[PDB]
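Here are the chains, one letter per residue:
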Amino acid sequence: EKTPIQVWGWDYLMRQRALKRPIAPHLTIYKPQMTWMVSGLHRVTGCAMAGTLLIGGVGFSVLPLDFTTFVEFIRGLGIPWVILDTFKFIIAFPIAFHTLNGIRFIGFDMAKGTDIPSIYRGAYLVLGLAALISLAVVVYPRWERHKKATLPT
Amino acid sequence: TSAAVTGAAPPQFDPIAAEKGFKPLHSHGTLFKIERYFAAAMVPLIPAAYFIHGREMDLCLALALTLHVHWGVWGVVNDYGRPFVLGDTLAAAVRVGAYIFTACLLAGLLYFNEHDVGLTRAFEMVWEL
Amino acid sequence: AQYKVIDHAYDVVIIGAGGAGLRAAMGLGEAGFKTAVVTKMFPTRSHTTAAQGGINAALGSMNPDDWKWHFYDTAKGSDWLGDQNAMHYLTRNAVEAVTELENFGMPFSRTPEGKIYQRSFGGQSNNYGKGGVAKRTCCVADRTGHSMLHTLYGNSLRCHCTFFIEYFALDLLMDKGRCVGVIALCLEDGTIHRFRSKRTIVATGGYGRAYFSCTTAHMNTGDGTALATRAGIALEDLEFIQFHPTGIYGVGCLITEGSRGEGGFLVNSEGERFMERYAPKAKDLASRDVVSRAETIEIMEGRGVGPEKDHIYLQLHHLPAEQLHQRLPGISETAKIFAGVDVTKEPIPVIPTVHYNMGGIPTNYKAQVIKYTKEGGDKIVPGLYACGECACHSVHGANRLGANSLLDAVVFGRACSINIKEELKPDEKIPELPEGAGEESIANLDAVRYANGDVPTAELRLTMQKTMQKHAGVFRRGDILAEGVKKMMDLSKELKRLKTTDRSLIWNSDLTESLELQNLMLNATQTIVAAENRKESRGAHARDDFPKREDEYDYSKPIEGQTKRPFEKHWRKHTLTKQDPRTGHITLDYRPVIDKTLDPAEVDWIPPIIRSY
Amino acid sequence: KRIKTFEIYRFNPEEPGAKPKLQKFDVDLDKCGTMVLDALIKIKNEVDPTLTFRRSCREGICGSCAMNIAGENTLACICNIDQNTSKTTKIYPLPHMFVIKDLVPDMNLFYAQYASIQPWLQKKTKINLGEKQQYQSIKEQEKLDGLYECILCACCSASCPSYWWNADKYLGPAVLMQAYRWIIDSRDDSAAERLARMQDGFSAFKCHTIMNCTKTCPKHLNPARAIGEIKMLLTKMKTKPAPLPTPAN
Ligand SMILES: *Cc1cc2c(cc1C)nc1c(=O)[nH]c(=O)nc-1n2C[C@H](O)[C@H](O)[C@H](O)COP(=O)(O)OP(=O)(O)OC[C@H]1O[C@@H](n2cnc3c(N)ncnc32)[C@H](O)[C@@H]1O
Ligand code: HEM
Ligand SMILES: CC(C)Oc1cccc(NC(=O)c2ccccc2C(F)(F)F)c1
Ligand code: SF4
Ligand code: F3S
Ligand code: FES
């Protein structure tokens, strides 16, 4: 059920709640830094994507108005192409980064590359690499669409 | 002064005795190994889904995703949803949630695969506008 | 004001949780004795953790060695104020007690044959002086001390002790010259605690904070010897303060003697490797009294270094960068942090600093506290024991040998527990407490708590430190002393005019430092009056007005038919200050130095000689 | 002259249900020392002696003075005072600990956990104590490097947002690295039930591989690496056996 230390540890909390000491400040005062932010963003994107998948999967199922007529309930509004691949980027990234960062964390789980430079490059290599495969997947298919609406010789 | 009560020891953890009763065998080791490997094997998949499509992809994509997310939220839920903050019987509630969640996520996707556009195509069917 | 007081009973109670603190706490817990360890900080934080160059044992891991050679180096090192018998028990049990520590979990640095790495140090030799520089100092490279305290603490967790973490030992508890336990303020909630115990062990560390610049920790305020003085014990040999040669010029935190035995040296303004002249044979690896002196002469005779020409250089840059990392990583580093110095390319600014306190609570080889009257030898204070820095079995004499200190800690630690099993016999029950015992210890606490004079506690500590710094330093004069002594007694006076601000019990940092300020003053004064009276130069105590070592004979000449000077005329005797704690009068008195070993068949006693290096 | 301004967490438990506050303190840096602890010592020995914080060693080797300065966790005694007198260096206690008083947190949970790893050499075939040193190759003693040095200061753990949330079950980086410190000791025979101990969901595995632990260590150690390395053992990488004690030992 619980290792003995875990038993003892609970007793501690109760004992400290008993003495009404205040809990020292922690998140509001900890220096913003790459280590916990990228860890943040990983969880954030994680949940958000599962979030959508639930409220979208379940959403369209127990709801009258299906998905094909959603694609219409939008395009028929006067949708600026600029803001349309701001939207498609906002989607590619959380997938691209979570996957990229993901492989990274498995690095950490098996002790590979935990020195502060690998820690700090990983974060930069994975962030930019997300935005690259996120950009060149939104703007790349907008070359078999906005080149075939103008093109020279 | 000369009015003193008799005192007990300080709360202190006993590494020997209080660690020779309790011993229960159940390893979460073995199991962690699998949730990593799956998440790993799940790499080619996300690339491959950007290309190959259809009911077949839809299926395993939204079947594996259910599992990855099932584990994930569990992890999350287990972190924040802590008894010292919610009292024992609310913490139990949220832990059930993480499975209720995991159930609807499946149902939801499995419907949307069989009955709406499917997954893979529901992305084509956005990435063009 | 109103106070909560608390009572426990133990078989033995230990004040101190350092090297000797625990090693004895180990034996006693394991021997099935109900043990309480009272410590005024989490035991890891203790000073032992700060130790460096290693711990000595004749392990033979670099060259053949004999515990007996080590012995000899210890008698010599002590300039024969050392108790031959006490030094014996130390030198003999060394190889075991170090070995033991390995067995315990201590990750010693290692030799290619998988044995414990030993390294040279200050003032040791093979074959009773004859042979070359010795290699006896076993070490966890550069942070031995850190690892010793950490193993001990760990290994103590399986020996059933009741640990009383951050509790402040106010006073010993007396009854007709027999210690029945201890009284401490609990730091956390603010209670007061009385421990009835059958024996009590004092292992509180030293008082290196009585000086202005030292290598000791802020908690090294010498509190045990305070309790000892307060309990009506004399202290021994207080005047022998050991000046470490190599302390960082600015702050004064230690750079190991290791850096020397590893192949480094001191350098002056010219560039001269000067130690060659002040000691031809053992050079930069002479005893730390000789060397710290040499430095101070070089300094004062002009050849100092840097902006004020007031310290010398410890040059390590001439040494292979590899072995400099794999053998000195922490000093390498604390040199970069504090001196802002790269050790591979420049030297470290170093200056002798107050280090270790040979002096302390007197004992026999059995590590039992003694009161000595001239009429009836040393009689033992019932059920009181002391070990480590704060004791004076005098194993160190006039000058503690480098790295005999963690040995002394562990060995006599071990000794306490061994010796208490043999003498406490469990028919003897846990003593009752004299009608309201140490109600006055609790009193003196109220007085300092609500202290309201004109002079802050901060302020008193500083001049007492500074005056000690001038008037009691490396080289001293009969007047420059007398002159400190006066300024000094004037402070024990100024104690009434004490000023604090904090009125709380729950972790009163201020309140406790002021209790410490009290405890130091006792040590200080005593030190200086003990020093003021010794008219000879010996080990770490060097009078310009009496350069000679004042032995019975003059050991410069044959000895055949020379009349033995009487006890009252020569200086081979332990100083023994008896301080009345409320006025602060100090009477002296002088105990003979013990010259017989433990068994003259095992090792024969070592007779005095002219102490050169 | 140079007025540095420090902003310090303050709490009096004796004040009848008081609350936390910050309190500004001004310090002339040429009449002061060079490291934060100096400036604390100073502003308690000159301005306000009701300022309370642990310390001892003055060269960052005891562990006492660990607190949160300038946003991250470190040792007051060895981090430099920020000489830019326009900025304002702000000092809190180890994040998310229960505060006895001022800059003093309650450490006891963290001390318990440490003693739960059973941090002592334990051997399979009991040996006679003082008798002889056990064999250990120099290269396998080196496996303890970056492991033994830990001053048990709790900077890491108190930066770890998992130890924040579940310190009662989650063991935290400090203790964890040390639990590991003992398993890879070639001299240690319990390697097997040493892992067996932290075999469950929280104690070891609630490390979300976040990296404040490695990134904050004032001793430039790296517990993340060792937590990771433990994972490897709770599964699929077994610990090397003891090379054989050669003859003449
Ligand atoms: C200062 C120093 C000393 C030192 C050294 C390096 C430095 C910087 N390197 C050494 C070395 O390389 N080799 C060696 O042999 N010695 C070295 N030394 C000297 C040696 O470390 C010390 O002398 C040794 O640690 C002595 O051990 P001991 O156990 O006697 O001293 P301690 O470790 O400081 O113990 C302190 C304990 O006493 C408790 N205490 C004190 N007063 C109280 C009160 N009033 N109430 C409760 N507890 C008290 C402390 O709490 C602590 O637990
Ligand atoms: C190859 C692709 C993926 C990889 C390699 C991967 C990897 C990981 C890993 C290693 C974790 C655990 C973090 C930890 O506990 O230390 C995690 C957590 C999580 N994942 Fe993914 N994942 C992938 C795809 C996805 C996708 C597409 C989603 C969205 C549906 C997702 C949702 C989540 C959630 C909600 C968590 C919660 C755990 C946490 O935040 O710590 N994952 N993922
Ligand atoms: C200010 C920084 C240091 O602190 C922040 C504060 C808020 C929570 C977090 N980060 C998490 O909470 C987090 C993120 C990803 C995975 C696991 C966690 C977990 F387990 F819960 F620790 C970090
Ligand atoms: S690894 Fe470093 S940060 Fe962590 S407890 Fe040890 S000394 Fe502190
Ligand atoms: S920050 Fe926490 S997640 Fe593990 S990597 Fe360090 S203990
Ligand atoms: S005071 Fe020694 S660790 Fe900071």
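Conventions adopted
Residues numbered from 1 in each chain as written, not as in the entry; some residues may be left out. Chains lettered and ligands numbered in written order. Heavy atoms only, no water. Residues with missing side-chain atoms left out of burial classes, pairs and counts. Donors = N, O, S within 2.8 Å, 3.2 Å for Na, K, Ca; no water. Tetrahedral: all angles 85-135°; square planar, octahedral: opposite > 155°, others 65-115°. Helix = DSSP H or I, 4+ residues; strand = E, 2+ residues; numbered from the N terminus. UniProt positions renumbered as here; feature names shortened; annotations may be inferred. 1 Å grid on protein atoms, 1.4 Å probe; cavity = no way out; pocket = protein on both sides within 12 Å on 5 of 7 lines; lining within 4 Å. Points joined across faces, edges and corners; volume = space filled by probe spheres on them. Nonpolar A, V, L, I, M, F, W, Y, C, P; charged D, E, K, R; others polar. Near = heavy atom within 4 Å. Polar contact = N/O pair within 3.5 Å; in protein donor to acceptor, adjacent residues only side chain to side chain. Areas by Shrake-Rupley, 256 points an atom, 1.4 Å probe, with all protein chains shown as cover. Sits in = over half its atoms within 2 Å of the grid points. Axes fitted to C-alpha atoms, helices over the stretch in contact; angles between N-to-C directions. Parallel < 35°, antiparallel > 145°, perpendicular 65-115°, else oblique. Contact = heavy atoms within 4.5 Å. Buried area = accessible area lost by both parts, 1.4 Å probe. Salt bridge = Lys/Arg side-chain N within 4 Å of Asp/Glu carboxyl O. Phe/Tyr/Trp six-rings, centres within 6.5 Å; stacked < 30°, edge-to-face > 60°. Buried < 20%, exposed > 50% of the residue type's maximum accessible area, 1.4 Å probe, protein only. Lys NZ or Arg CZ within 6 Å of the ring centre and 35° of its normal.

Its PDB record attributes the structure to X-ray crystallography, giving the resolution as 3.01 Å.

Q: I keep staring at the coordination of the iron atom of ligand 2 and nothing clicks. Help me out?
A: Reference values for angles at a metal are 109.5 degrees in the four-donor tetrahedral case and 90 or 180 degrees in the six-donor octahedral case. In this structure, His98 of chain A (NE2) and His68 of chain B (NE2) serve as the protein donors to the iron atom of ligand 2, at separations of 2.0 to 2.1 Å. Coordination geometry of the iron atom of ligand 2: the six donor atoms subtend angles of 73 to 173° at the metal centre, consistent with an arrangement described as octahedral. Separated into two different chains, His98 of chain A in helix α5 (residues 89-109) and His68 of chain B in helix α2 (residues 55-80) make up a pair that spans both.

Q: Would you take a moment to explain the environment of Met300 of chain C for this structure?
A: Summarising the element assignment, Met300 of chain C is placed in helix α8 (residues 288-303). Residues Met300 of chain C and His311 of chain C, spaced eleven residues apart in sequence, show a C-alpha to C-alpha distance of 9.5 Å.

Q: I tried to follow the UniProt feature "transmembrane region" in chain B on my own but got confused; where do I start?
A: All names here are of chain B. In this structure's numbering, the residues bearing the UniProt feature "transmembrane region" are residues 33-51, 57-77 and 93-114. Taken end to end, residues 33-51 is 100% helix and 0% strand, and its two terminal C-alpha atoms sit 29 Å from one another. The span residues 57-77 is 100% helical and 0% strand by assignment, and the distance between its end C-alpha atoms comes to 29 Å.

Q: Any chance you could explain empty space enclosed by the protein here in plain terms?
A: Where empty space is left becomes clear once a probe the size of a water molecule has been rolled over the atoms. All names here are of chain C. Looking at the largest cavity, its volume works out to about 760 Å³. Lining the largest cavity are 50 residues; nearest its centre among them are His47, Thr48, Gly205, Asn220 and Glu389. For the lining of the largest cavity, the secondary structure elements donating two or more residues are α1 (19-30), β2 (35-39), β9 (167-173), α5 (224-230), β16 (348-356) and α11 (405-423). When residues of the lining of the largest cavity are assigned to their parent elements, the largest contribution, four residues, is made by α11. Taken together, the residues of the lining of the largest cavity break down into 21 nonpolar, 21 polar and eight charged.

Q: Is there a simple way to explain the site of ligand 1 in this structure?
A: Residues and elements named next belong to chain C. Close to ligand 1 lie 35 residues; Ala17, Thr39, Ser46, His47 and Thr48 are nearest. Contact distances for ligand 1 include 2.9 Å between an oxygen atom and a backbone N or O atom of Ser405. Relative to its unbound accessible surface of 1,000 Å², ligand 1 loses 99% to contact with the protein. Most atoms of ligand 1, that is more than half of them, are within 2 Å of grid points of the largest cavity. The set of elements that each furnish at least two residues to the shell around ligand 1 consists of α1, β9, β16 and α11. In terms of residue count, β9 provides more of the shell around ligand 1 than any other element does, three residues in total. Per-class residue counts for the shell around ligand 1 are 13 nonpolar, 18 polar and four charged.

Q: Quick question: what am I supposed to make of the packing of helix α1 (residues 4-18) of chain A against helix α2 (residues 108-116) of chain D here?
A: When two helices pack together, their arrangement is given by the angle between their axes and by how far apart the axes lie. Interaxial distance between α1 of chain A and α2 of chain D falls to 10 Å at its minimum, and their mutual angle equals 170°. The angle between α1 of chain A and α2 of chain D falls in the class roughly antiparallel. Here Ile5, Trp8, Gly9 and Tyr12 of chain A of α1 of chain A come into contact with α2 of chain D, specifically with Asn108, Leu109, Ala112, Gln113 and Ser116 of chain D. Looking at the contact of α1 of chain A with α2 of chain D residue by residue, the class counts come to five nonpolar, four polar and no charged.

Q: Explain the interface of chain D and chain C here, please?
A: Taken together, the contact pairs 56 residues of chain D with 67 residues of chain C. Of the roughly 5,300 Å² buried at the junction of chain D and chain C (both faces included), carbon and sulfur atoms supply 53%. Three residues stand out in chain D for area buried against chain C, namely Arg58, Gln133 and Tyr148 of chain D, and they jointly supply 15% of the buried area on that side. Between chain D and chain C we count five salt bridges in total. Taking the shortest distance from any N to any O, the salt bridge between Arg187 of chain D and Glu102 of chain C comes out at 2.4 Å. Taken together, chain D and chain C are joined by 30 residue pairs in polar contact. Elements supplying a minimum of two residues to the side of chain D that touches chain C: α1 (36-45), β6 (99-101), α2, α3 (138-141) and α5 (173-183) of chain D. When its residues are assigned to classes, the side of chain D that touches chain C shows 28 nonpolar, 15 polar and 13 charged.

Q: Before we go on, may I ask you to explain the packing of aromatic side chains in this structure?
A: Two descriptors summarise a pair of aromatic rings, namely the distance from one centre to the other and the angle between the planes of the rings. With the rule as written, the count across this model stands at 33 aromatic pairs over all chains. Between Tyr153 of chain C and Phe163 of chain C, the aromatic rings sit 5.6 Å apart at their centres with planes inclined by 50°, giving tilted as the arrangement. In this pair, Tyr153 of chain C sits in helix α4 (residues 144-156) while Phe163 of chain C sits in strand β8 (residues 161-165), placing the two residues ten residues apart along the sequence. For the residue pair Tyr153 of chain C and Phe163 of chain C, the accessibility class agrees, reading buried in each case. In textbook terms, an aromatic cluster arises when at least three aromatic residues are bridged by ring pairs, as seen for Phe42, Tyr153 and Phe163 of chain C together with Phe110 and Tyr111 of chain D. Above the ring of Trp571 of chain C, the side-chain terminus of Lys573 of chain C is found at 5.0 Å from the ring centroid.

Q: I keep staring at the UniProt feature "binding site: a rhodoquinol" in chain D and nothing clicks. Help me out?
A: UniProt's feature table lists "binding site: a rhodoquinol" at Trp165 of chain D, given in the numbering used throughout. Relative to the helices and strands, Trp165 of chain D is located in helix α4 (residues 161-166). Classification of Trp165 of chain D by relative accessible area gives buried; the value is 19%. Aside from chain neighbours lying at most four places away, what touches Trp165 of chain D is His26 and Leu27 of chain A, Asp79, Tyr80 and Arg82 of chain B together with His96 of chain D.

Q: Would you mind showing me how to read the pattern of salt bridges here?
A: Two side chains carrying opposite charge are able to pair once their charged atoms lie near each other. Residues and elements named next belong to chain C. Enumeration according to the criterion identifies 69 salt bridges over all chains in this entry. In this structure, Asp11 engages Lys198 in a salt bridge whose closest nitrogen and oxygen atoms are separated by 2.6 Å. With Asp11 in strand β1 (residues 5-15) and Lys198 in strand β11 (residues 192-202), this residue pair connects regions lying 187 residues apart in the sequence. For the pair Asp11 and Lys198, a shared accessibility class is recorded, and that class is buried. The network of salt bridges with common partners includes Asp79, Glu239, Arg534, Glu536, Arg538, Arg549 and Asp551.

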